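Everything on this sheet refers to the single structure shown next.
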Amino acid sequence: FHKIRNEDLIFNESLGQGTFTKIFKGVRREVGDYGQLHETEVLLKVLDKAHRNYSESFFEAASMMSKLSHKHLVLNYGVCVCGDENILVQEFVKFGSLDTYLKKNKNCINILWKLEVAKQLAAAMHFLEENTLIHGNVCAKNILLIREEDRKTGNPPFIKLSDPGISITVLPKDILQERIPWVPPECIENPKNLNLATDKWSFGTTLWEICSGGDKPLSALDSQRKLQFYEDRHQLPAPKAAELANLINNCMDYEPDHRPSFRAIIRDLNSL
Ligand SMILES: N#Cc1ccc(Nc2nc(N)cc(-n3ccc(CO)n3)n2)cc1
C-alpha cells in the first residue's frame with residue numbers, strides 16, 4: 001500500500017463503526033496529476049487501538065482486493081501507519097453504505113432499482129470468482145452507493161463493493177454467530193472452510209437485505225437461536241417484494257458445492 005502521512009490527513013465527522021473499527025469522513029492533502037495540489041475527500045477507516053493485534057488481517061482485507069482493479073470495486077488510496085494509528089484511506093462515496101441507504105429510502109426503491117443493484121453486485125462477484133479471490137463478507141453494509149438512480153436521464157444507480165474488513169477466519173466465535181445468516185453454515189462449523197462458495201451464500205443474504213428495505217434477516221433471533229436456525233436447516237422467509245426470493249434461496253444452499261456460479265446467477269437475473 002502507498003503510505004500516507006498523518007500530517008496530510010484531517011479527520012472530520014464520524015460515519016459509524018464496523019468490527020473493531022471506526023469510520024470517519026476526512027480530507028487528504030496531496031499532489032495530484034500535473035503537480036496540482038488537491039484537498040481530496042476521503043473515507044478514513046481506523047482500527048481500534050485496543051485491537052491493534054488484528055492489524056495484519058485488517059490490512060489484508062483491503063490489500064488483496066486492491067491488487068485487482070474494477071469499476072465495481074472500491075478504490076483504496078493508501079494507509080497511514082504513523083505513530084500508533086492503523087488507518088485505511090479509501091475513496092469517499094457520496095451516498096454511503098447500502099444498509100443505511102435502504103433503510104432511509106425504503107419507500108422509493110422499486111423492483112427495477114433492486115434488480116439493477118443485484119446485477120452490479122453479481123458482476124463484481126463474477127469478477128472476483130474468475131480471479132479466484134474470496135471476499136468473505138458480502139453484505140449491504142459493504143456495498144457503497146456511488147450514484148443515485150435518475151429516471152429523468154434513465155440513469156441507473158451505481159454501486160461498488162467495499163473491503164470485507166477483518167477476516168472471519170480470525171474473528172471471535174461470538175461475533176461469527178451474531179453474523180448469521182451472512183456467515184454460511186459451513187463457516188460456523190469451521191471458519192477455515194472459507195471458500196469461493198462462501199460468497200455465494202452471503203450474496204443471497206445480501207439480496208434479501210436489498211429486497212427488504214434495510215431489515216436485517218433473523219434480527220429477532222439471539223445468537224443461540226441463530227445457531228439453531230442453521231442446525232434445523234431453515235431458509236429465510238421470502239421478502240414481501242418476492243421477485244428475487246428463489247434466487248436468494250438457491251444461493252443460500254446448505255450444500256456449498258450446489259451453490260450456483262456467478263455466471264449462472266447473472267443469467268438468472270437477466271431473465272427477470
Ligand atoms: N450520511 C452519510 C454518509 C455516510 C457515509 C458516506 N460515505 C462512505 N464512503 C465510503 N467509502 C465508505 C462508507 N462506509 C459506510 C459504511 C462502511 C462500512 O463498510 N463504509 N461510507 C457518505 C455519506
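Starting from 1, each residue takes its place in the sequence as its number. The figures that follow rest on heavy atoms only: side chains count, while hydrogens, waters and symmetry mates do not.
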Seminar exercise, completed: Applying ring pair (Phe, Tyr, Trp, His ring centres under 6.0 Å) to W182 and not counting sequence neighbours gives none
Seminar exercise, completed: Scanning both residues in full, the closest heavy-atom pair of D199 with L133 reads OD2-O, 4.4 Å
Seminar exercise, completed: Sorted by chain and residue number, the ring pair (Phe, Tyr, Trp, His ring centres under 6.0 Å) partners of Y77 (sequence neighbours excluded) come out as none
For this session: Go through the structure and list residues passing side-chain contact (heavy atoms from CB on, under 4.5 Å) with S202, not counting sequence neighbours.
Result: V138, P184, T198
For this session: State which residues pass salt bridge (charged side-chain N to carboxylate O under 4.0 Å, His left out) with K71; sequence neighbours excluded, sorted by chain then number.
Result: none
Problem set entry | Any donor-acceptor N/O pair, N105 side chain to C108 backbone, under 3.5 Å | no
Exercise. Should the pair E41-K25 be classified as a salt bridge under the 4.0 Å nitrogen-to-oxygen rule?
Worked result: yes
Seminar exercise, completed: Residues passing the side-chain hydrogen bond (donor to acceptor under 3.5 Å, both in side chains) test with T21, sequence neighbours excluded, are none
Exercise. Which pair of heavy atoms, one from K45 and one from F58, lies closest together, and at what distance?
Worked result: O-CZ, 3.5 Å
For this session: If you link ILVMFWY side chains whenever their heavy atoms are less than 4.5 Å apart, which other residues fall into the same cluster as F92? By chain and number, please.
Result: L15, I23, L43
Problem set entry | side-chain hydrogen bond (donor to acceptor under 3.5 Å, both in side chains) pairs, two or more places apart, involving residues 130-144 | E130-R263
Exercise. Nearest heavy-atom pair of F127 and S69: which atoms, and what distance?
Worked result: CZ-O, 3.7 Å
Problem set entry | side-chain contact (heavy atoms from CB on, under 4.5 Å) partners for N249, two or more places apart | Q235
Exercise. Can you name the residues that form a ring pair (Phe, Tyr, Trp, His ring centres under 6.0 Å) with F158, not counting sequence neighbours?
Worked result: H72
Exercise. So, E186 and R259, do they make that salt bridge, N to O below 4.0 Å?
Worked result: yes
Problem set entry | Under the side-chain hydrogen bond (donor to acceptor under 3.5 Å, both in side chains) test, residues paired with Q17 that sit two or more places apart | none
Exercise. How does the hydrophobic cluster around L112 look, that is, which other residues are in it when side-chain heavy atoms under 4.5 Å mark a link?
Worked result: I111
For this session: Taking all heavy atoms of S223 and all of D174, pick out the closest pair and write down the distance.
Result: OG-O, 4.5 Å
For this session: Just jot down the side-chain contact (heavy atoms from CB on, under 4.5 Å) partners of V79, sequence neighbours excluded, or say none.
Result: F1, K3, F59, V81, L88
Problem set entry | Over all atoms of both residues, closest heavy-atom pair of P164 and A61 | CD-O, 3.8 Å
Exercise. Is the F262 to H126 ring centre distance short of 6.0 Å?
Worked result: no
For this session: Indicate yes or no: at least one non-hydrogen side-chain atom of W201 is less than 4.5 angstrom from one of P256.
Result: no
